[PDB]
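Note: ideal-geometry Cβ built from the backbone for every residue, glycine included; neighbour counts use all protein chains shown. No lab work stands behind these numbers, since they all come straight from the coordinates.
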Amino acid sequence: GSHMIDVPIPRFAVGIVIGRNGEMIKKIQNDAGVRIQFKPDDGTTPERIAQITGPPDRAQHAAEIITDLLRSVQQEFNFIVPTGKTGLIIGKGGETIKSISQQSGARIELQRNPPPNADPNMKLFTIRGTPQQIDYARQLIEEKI
DNA sequence: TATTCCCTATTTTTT
């Protein structure tokens, strides 16, 4: 009779041997010529045992495909601005902050600093964009401060 | 110094 060999396989991995629509079992079945019958997990372990059978030769070689296959299953930155240079940064109508935001494509929005606890001598400017976009905004900001 | 615009992995078969 053909050699019969069982193969332990986790329930979450059983779908790999069977395959969707049986593309794996049907393909391996045709490529190797073997029939796989899955049986309850014997050993209390949460894994299904696969019972494969086929000619003593195909049984050994087929087991290798499934084993080899189963093994395969096993930027934002804040800019500080002193209340003294704030007028030269925004510019008349924000033509400066906009130019910087559009050319740098980053989104700038003045972050208010709590007067009670924050230092009224300093304001917080929020600046966000893509890593390359935010870096471009910082360059213009400097050369103007 | 006062005012702006943008973005918001599972699955199949026969006995």
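From the helices alone, meaning DSSP H stretches of at least four residues, give me the mean residue ellipticity at 222 nm for chain A, per-run term -39500 (n - 2.57), in deg cm²/dmol to the nearest 500.
-13500 deg cm²/dmol
With charges only on Cβ, +1 for K and R and -1 for D and E, what is the dipole size of the stretch A:46-128 about its Cα centre, in debye, rounded to 20?
Dipole magnitude for the stretch A:46-128 comes out near 600 debye.
Quick one: what Rg and Dmax do you get for the stretch A:30-120 from the alpha carbons, in Å?
Taking only Cα atoms of the stretch A:30-120, I get Rg and Dmax of 34.7, 88 Å.
Set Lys and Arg Cβ to +1 and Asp and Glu Cβ to -1, take the dipole of chain A about its Cα centre, and tell me which of A:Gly91, A:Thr53, A:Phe125 lies farthest positive.
Most positive-ward Cα: A:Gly91.
Could you give the semi-axes, largest first, of the ellipsoid that matches the stretch A:1-74, computed as the square roots of 5 times the alpha carbon gyration tensor eigenvalues and rounded to whole Å?
The equivalent ellipsoid of the stretch A:1-74 has semi-axes of 18, 15, 11 Å.
Along the charge dipole of chain A, which of A:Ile65, A:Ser104, A:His3 sits closest to the positive end, that is, farthest toward it, with unit charges on the beta carbon of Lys, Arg, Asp and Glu (+1, +1, -1, -1)?
Checked the options; the winner is A:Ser104.
For A:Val73, A:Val34, which order do you get if you count the other beta carbons within 10 Å of each Cβ and list the fewest first?
Listing A:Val73, A:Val34 from fewest to most nearby Cβ atoms yields A:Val73, A:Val34.
What is the spin-label model distance, in nm, from A:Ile90 to A:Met122 if the labels are put 7 Å beyond Cα along the C-beta direction?
With each label placed 7 Å out from Cα toward Cβ, I get 2.1 nm.
Along the Cα→Cβ direction, 7 angstrom out, place labels at A:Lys27 and A:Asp57. What is the inter-label distance in nm?
2.4 nm
Would you count, across chain A, every pair of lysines whose alpha carbons are under 20 angstrom apart, provided the pair is eight or more residues apart or spans two chains?
9
Taking the beta-carbon count within 10 Å as an exposure proxy, list A:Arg35, A:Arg138, A:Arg58 from fewest neighbours to most.
Going from least to most buried by this count: A:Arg35, A:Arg138, A:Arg58.
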